[PDB]
Amino acid sequence: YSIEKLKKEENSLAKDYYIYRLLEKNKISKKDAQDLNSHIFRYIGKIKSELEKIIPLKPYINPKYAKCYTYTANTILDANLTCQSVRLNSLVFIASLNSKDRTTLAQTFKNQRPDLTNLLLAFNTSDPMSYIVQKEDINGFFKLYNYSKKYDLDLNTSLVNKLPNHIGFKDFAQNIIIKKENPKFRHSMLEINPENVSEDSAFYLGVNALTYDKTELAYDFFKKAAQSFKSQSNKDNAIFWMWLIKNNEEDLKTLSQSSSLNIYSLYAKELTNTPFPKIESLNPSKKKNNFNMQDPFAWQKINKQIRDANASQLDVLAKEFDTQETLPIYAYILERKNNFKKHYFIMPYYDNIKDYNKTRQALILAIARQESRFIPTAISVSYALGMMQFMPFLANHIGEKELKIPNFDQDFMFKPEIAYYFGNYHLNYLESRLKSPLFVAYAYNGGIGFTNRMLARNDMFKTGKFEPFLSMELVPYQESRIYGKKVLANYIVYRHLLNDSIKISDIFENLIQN
Ligand SMILES: COC[C@H]1O[C@@H](OC[C@@H]2COCCO2)[C@H](NC(C)=O)[C@@H](O)[C@@H]1O
């Protein structure tokens, strides 16, 4: 695909991927690059930095404030008042001023922008955070946290109960709790009233409370999380903690009867001798249609239609894709169509894995379901490719240096036989070092480097009251924390479907090392 032919396709991640391929091979000239912004679906990350080696953007500054950016720390007192206030939106700029000018500006702004005044005078002290915390300036607090994460201080009950009202609070709480940073902030957040938080914030504050062995406060946070969470899966995670902490048997019962299939509801079913949830069975009699499952542009198109279809239009697409050849698209449509109420665990291109042992089949399928929902031409925002969502670098190393496939191209990852084969091969390497399918999942998504670093710590996946569940809440990258939970549920299910059942309790026991 030449740049001219790509330009005649709709904007999409696939079109981006292919533009990126031209760029990394140095095939986009300065002239081709001129009209190219408008041809990129998602102008973020690698494709942006690559295009910018060819055509910098010096942008962007609002024509109105242009003259404000002609001043520096040394001339800011010569600027009009509007220009003065615009420049003071940057804490680095404020930090750069000398203290006499911070004093002068603080007076200028006392009446109309006391927020600026507080930051100006704060930077005249040796601890600006302490000054801001004494004023209980909430906006100031978050601006300082965003400026530097190194500030750490005890916060009293009144102040910490004000933080949750700011949009920055949820990321602030999450970051410092899962990174184990800012201990004085963390300890202080024990005194946040559960009434003042909800949803993810409440949940993280429950995890925080467990790390300090405040199990009652933890129960109260998790219970507020349970009552406010929008998604049933997250609600289940909170109900699980409520149960582990207090062992009210109504909590476990509610979790065992959840409509969401996840590790918590599966475990609850197993603890209460409740039957395994019903898994749908999709077996279309019709064998093929016109659709090319190997065309990534056709997937981007159909995917957009499916996501924008009303309750009614799905039914038309369901019927059209009700074939063996488009099984992955059928199940994808059905999953949306039934508003996530039914459980679909398909096994497409099964011939390519039927000779592996069943445990290996389940792990493969478990990864694929989460990675791509088995869409052969799936492309991620980082341009991970195919059913098993290989990054190009690893695909080329396996494809070219290890397996030496003749005329290998990274787009071979779009073929099911290749995806399953490379997945099997990579999963072999991970399993041999890590053993648990959870740990393999973490390493598959996040790399074996971060997984090995997490498992070398003395406070992760070791023995303890609430292990291994607590450790699973403190996995330091959000995407990997989530990924491992979802893939582990998938794994349990597929082991069951393949008549190679395991108790999820056995999985959890083998996460604790000594
Ligand atoms: C937390 O999981 C990380 C993986 O998420 C996948 O996204 C899930 C999607 C949602 O859309 C339908 C298919 O499943 C990513 N896959 C894609 C195509 O973006 C995957 O790359 C990522 O590792």
Side-chain angles (χ1 to χ4, degrees), residues 90-92 94-95 115 118-225 228 234 237-238 241 245 453-454 457-460 464 466 470-481:
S90 165
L91 276 60
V92 163
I94 292 173
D115 60 307
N118 286 339
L119 287 165
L120 292 155
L121 297 181
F123 273 92
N124 275 358
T125 71
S126 46
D127 184 4
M129 183 50 87
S130 179
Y131 183 101
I132 287 290
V133 158
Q134 196 287 322
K135 306 298 287 198
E136 297 208 2
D137 184 338
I138 307 302
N139 282 337
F141 177 88
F142 279 103
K143 292 207 72 165
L144 272 179
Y145 172 77
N146 291 332
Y147 161 80
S148 166
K149 293 183 173 29
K150 298 299 189 165
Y151 297 126
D152 192 36
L153 209 87
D154 299 282
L155 309 171
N156 68 15
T157 301
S158 158
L159 179 57
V160 283
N161 279 287
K162 293 166 178 181
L163 298 179
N165 301 314
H166 184 290
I167 56 178
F169 180 73
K170 177 186 88 60
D171 283 347
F172 170 79
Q174 184 186 137
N175 266 289
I176 70 167
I177 298 160
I178 71 162
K179 300 305 177 169
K180 294 150 203 220
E181 287 180 354
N182 307 82
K184 295 180 174 179
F185 289 161
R186 280 191 283 115
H187 182 272
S188 301
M189 288 193 319
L190 292 178
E191 299 316 307
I192 298 173
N193 186 339
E195 296 174 345
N196 287 323
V197 281
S198 79
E199 299 176 74
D200 298 40
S201 287
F203 183 93
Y204 294 126
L205 287 176
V207 173
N208 189 57
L210 291 179
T211 60
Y212 288 99
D213 202 44
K214 302 282 172 166
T215 61
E216 279 301 310
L217 303 179
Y219 172 87
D220 291 336
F221 285 124
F222 281 122
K223 172 181 196 171
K224 180 66 185 280
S228 47
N234 289 332
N237 195 162
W241 278 108
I245 296 160
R453 284 192 303 282
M454 165 180 68
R457 301 171 53 110
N458 48 42
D459 62 347
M460 294 292 282
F466 292 124
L470 181 60
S471 288
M472 292 171 78
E473 302 302 354
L474 293 174
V475 174
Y477 301 105
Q478 187 173 21
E479 184 183 324
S480 278
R481 177 160 83 246

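Along the sequence shown, residues carry numbers from 1.
Using a cut-off of 4.0 Å between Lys/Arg side-chain N and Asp/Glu carboxylate O, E136 and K162 are scored as salt-bridged. We find that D115 and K143 are not joined by a salt bridge, their nearest charged nitrogen and carboxylate oxygen being 4.0 Å or further apart.
Between atom CG of residue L144 and atom CZ of residue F123 there is a gap of 5.0 Å, rounded to the nearest 0.5 Å. For the atom pair CG of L119 and CG of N124, the computed distance is 11.5 Å after rounding to the nearest 0.5 Å. Distance CG/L205 to CG/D220: 12.0 Å, rounded to 0.5 Å. Between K180 atom NZ and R457 atom CZ the span is 4.5 Å, to the nearest 0.5 Å. Rounded to the nearest 0.5 Å, atoms OG1 (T215) and CH2 (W241) are 11.5 Å apart. One finds the CG atom of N182 at 6.5 Å from the CZ atom of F172 (value rounded to the nearest 0.5 Å).
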(Q) The test is side chain to side chain contact (heavy atoms under 4.5 Å, CB included); show your working for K179 and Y477 and say whether it passes. (A) CA-CA 9 Å; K179 300 305 177 169; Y477 301 105; 3.8 Å; yes
Q.
I'd like to know whether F141 forms a ring-ring contact (aromatic ring centres under 6.0 Å, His included) with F185, so could you lay out the CA-CA distance, the side-chain angles of the two residues, the decisive distance to 0.1 Å, and finally the verdict.
A. CA-CA 12 Å; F141 177 88; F185 289 161; 5.3 Å; yes
**Q.** Worked verdict on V475 versus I178 for side chain to side chain contact (heavy atoms under 4.5 Å, CB included)
**A.** CA-CA 7 Å; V475 174; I178 71 162; over 6 Å; no
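Under a 3.5 Å cut-off, the side chain of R186 and the backbone N or O of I177 do not form any donor-acceptor pair. The backbone N or O of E195 lies less than 3.5 Å from a partner atom in the side chain of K224, making a donor-acceptor pair. Of the possible polar contacts, none joining the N208 side chain to the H187 backbone as a donor-acceptor pair under 3.5 Å is found.
The closest side-chain heavy-atom distance from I176 to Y145 is below 4.5 Å. Considering only heavy atoms from C-beta on, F142 comes within 4.5 Å of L163 through its side chain. Between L474 and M460, the closest side-chain pair of non-hydrogen atoms falls below 4.5 Å. When side chains are defined from C-beta on, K223 does not count as touching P194, because their heavy atoms never get closer than 4.5 Å.
Of all non-hydrogen atoms in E199 and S228, the two that sit nearest each other are N-OG, 2.9 Å. Nearest heavy-atom pair, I192 versus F169, reported as atom, atom and distance to 0.1 Å: CD1-CZ, 3.7 Å. Annotation for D152 and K184: closest pair OD2-N, 2.9 Å, computed over non-hydrogen atoms. Scanning both residues, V92 and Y147, for their nearest heavy atoms gives CG2-CE1, 3.8 Å. Residues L155 and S188 share a closest heavy-atom pair of N-OG, 2.9 Å. Shown here for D459 and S471, the closest heavy-atom pair between the two residues is O-OG, 4.1 Å.
With 3.5 Å as the limit, one finds a donor-acceptor pair spanning the side chains of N161 and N196. Side chains of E473 and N237: a donor on one and an acceptor on the other come within 3.5 Å.
For the side-chain contact (heavy atoms from CB on, under 4.5 Å) test with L159, the passing option among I132, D137, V133, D154 is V133; the others fail.
In this structure, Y151 places its OH atom where more than 12 heavy-atom neighbours from other residues, nucleotides or ligands lie under 6.0 Å away. More than 12 heavy atoms of other shown residues, nucleotides or ligands fall within 6.0 angstrom of atom NZ in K149.
You'll find the ring centres of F203 and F222 inside the 6.0 Å limit.
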